Each structure stands twice: as C-alpha cells, then as structure tokens.
Amino acid sequence: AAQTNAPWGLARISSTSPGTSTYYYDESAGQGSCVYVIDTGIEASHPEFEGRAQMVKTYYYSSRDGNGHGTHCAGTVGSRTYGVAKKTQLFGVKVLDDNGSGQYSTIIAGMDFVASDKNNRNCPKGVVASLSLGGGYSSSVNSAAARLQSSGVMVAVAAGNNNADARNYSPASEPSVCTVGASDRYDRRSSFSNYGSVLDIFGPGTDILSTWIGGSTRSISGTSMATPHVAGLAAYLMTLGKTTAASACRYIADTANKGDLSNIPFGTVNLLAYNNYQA
Ligand SMILES: [Ca+2]
Ligand SMILES: [Ca+2]
C-alpha cells in the first residue's frame, strides 16, 4: 500500500533516504495488535480514528483529553491519515491532567493497570504501550516500566527534550524498555532531543502533523512525537509476525537505517526507525 503526500515522518520510516513524500506499508497495517497510549487521554470521537480508539481508564475527573497531547500521540500511532499502523486498536489511559502534568504515583499506577488490563482484551498479534512522558530520575518509575515490559508489552518511551543525557530522566533511563530520540526532516538529531548510551532508536520528532482535540489537526515537536512512530512501527511489525513484544526494540534497531543522522554525540546510536517495506 502507498499513501501519497504523507506527513514527512511516515514517509521517512519507509525510506532509506530523507526527502520522500510517500509512505509505503503492508496492507495488514497493524490489524490485530493493540497499542495503549498512556498520556492526557484520547479524543476517541475524532473521525481519524474510525472507531478504533477508546478510553479504558482515567485517574482524573473525566476521561476526556482536554489538552491535545494524547490525541496527537495516538494519531501518530494509528490514525487513518497520520498514523503508522492504520488498523491497530488504540486504548487510552489518562495519567496526565489537562495541563499535561501528572504525579509519579499516578503514572506508575497507569503502567501497572496496562499490565493487568491487557489480559482482558483481544489482541492476538500483541500489545504495545507508548509513553510520551517523563521527568527526573526515579527508580520507582523505572521499575514500573520494567514490570510492564516484563509482563509481555512492548514499551516505548520518550528520551526527553532537554538536549542532555537521558540517563538522568525516567522512564527514559530504564534499560529494558525502548527509549526513543527525535530527528528532523533533514536527518539531524532534533535540537531538543536527549541523547546518550541508553537510547535505543531515533524516530521522526520535529514538525509532526497529527490529530488534535476538537476534531482538528496540528503540527508539534518533541521526543513525545518520535515515540509513537516507534510504538506504531512495533505494532505493525508484530502483526506481520516479524518480531514479538519481548524483542521488538532489538529487531527495530537491527533493521534500522544506520549512520544516516547528523549531530549524534559519540556514544549514542545512529539508528533511525525503518519498516523495510518492499512491494
Ligand atoms: Ca540512508
Ligand atoms: Ca533499551
């Protein structure tokens, strides 16, 4: 399948080179997989989700995304026009308030919730969790991310936007999950992207068009935007049977575009998420 005039980030993950505008992907498109978006919520009624999104848990007064961030990330995972895995099932868990903030205890509870809730869902091709959030180092937050991964969920987390070593941020610094940095459309490390030895992979993160609340769209930037590209790619690859939740991060790194990025500090991987599609 081919989506013409795609957002640059989708085109980038299906090409060996920057500057293309078509997103090439297998028609299966993540069908049968499930992705939990752990964030500010998801505007499930947005036409772009085609009935494939639902809120399953909130830690606040409402399950509504009053911010937009969660809806944007969910759109990059699996919206029709802006998504990597266009037929996946999306589950929203609202651990962040409408200002985009949340206590660590709530974020931990949300991770533990997904590890249990997945046992009540029909996700034959597997389960992914996308965490476009983080803050200062916390061994408890790292431990929760490790538990979620251990339970059989592919966990993708944002490296953070401090232009610093991700070792000082959580859950970015948990080795066992998939920690995602951001790049721009000219294959440069995004100027804000964290780096360091704990990064596993880069994905498109600067000027990313996706869904927004009020049935709208907008373009924003961050490692928050790169993370759902990798989460969606994992769901896509698991549906194709190429990898499993336990090994998806490794498989993505193994099959990545290597050495394409500039402004990568020594000691940080030079690997860019790639779907290796061939018609
Ligand atoms: Ca290349
Ligand atoms: Ca890792």
# chains A, B, ... in the order shown; residues from 1 in each chain; ligands from 1
$ residues_near_ligand --ligand "ligand 1" --cutoff "9 Å" --atoms "only C-alpha atoms and all ligand atoms" --output "PyMOL selection string"
chain A and resi 15-18+257-261
$ residues_around --residues "residue 188 in chain A" --least-positions-apart "3" --cutoff "7 Å" --atoms "only C-alpha atoms" --output "short mmCIF file (atom, residue, chain, number, x, y, z; two decimals) with C-alpha atoms, in the first residue's frame"
data_model
loop_
_atom_site.label_atom_id
_atom_site.label_comp_id
_atom_site.auth_asym_id
_atom_site.auth_seq_id
_atom_site.Cartn_x
_atom_site.Cartn_y
_atom_site.Cartn_z
CA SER A 183 15.15 13.56 14.42
CA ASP A 184 14.07 16.21 11.92
CA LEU A 261 21.72 11.00 11.16
CA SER A 262 23.92 14.02 11.86
CA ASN A 263 24.68 15.76 15.18
#
$ closest_atom_pairs --of "range 125-182 of chain A" --to "range 230-237 of chain A" --cutoff "12 Å" --atoms "only C-alpha atoms" --output "tab-separated table"
residue	atom	partner	partner_atom	distance
A:125	CA	A:235	CA	8.0
A:126	CA	A:235	CA	7.3
A:127	CA	A:235	CA	7.3
A:128	CA	A:231	CA	6.4
A:129	CA	A:231	CA	7.0
A:130	CA	A:231	CA	5.8
A:131	CA	A:231	CA	9.0
A:132	CA	A:231	CA	10.4
A:153	CA	A:235	CA	10.6
A:154	CA	A:234	CA	7.6
A:155	CA	A:231	CA	7.7
A:156	CA	A:231	CA	5.9
A:157	CA	A:231	CA	8.8
A:158	CA	A:230	CA	10.0
A:177	CA	A:231	CA	11.4
A:178	CA	A:230	CA	8.7
A:179	CA	A:230	CA	9.5
A:180	CA	A:230	CA	7.5
A:181	CA	A:230	CA	10.0
A:182	CA	A:230	CA	10.6
$ residues_near_ligand --ligand "ligand 2" --cutoff "8 Å" --atoms "only C-alpha atoms and all ligand atoms" --output "MDAnalysis selection string"
chainID A and resid 174:179 198:200 249
$ select_by_dssp --residues "range 36-194 of chain A" --states "alpha helix (DSSP H)" --output "JSON, numbers by chain"
{"A": [69, 70, 71, 72, 73, 74, 75, 76, 77, 78, 104, 105, 106, 107, 108, 109, 110, 111, 112, 113, 114, 115, 116, 117, 139, 140, 141, 142, 143, 144, 145, 146, 147, 148, 149, 150]}
$ residues_around --residues "residue 268 in chain A" --least-positions-apart "5" --cutoff "7 Å" --atoms "only C-alpha atoms" --output "PyMOL selection string"
chain A and resi 195-197+199
$ atom_distance --atom1 "CA of residue 216 in chain A" --atom2 "CA of residue 96 in chain A"
20.6 Å
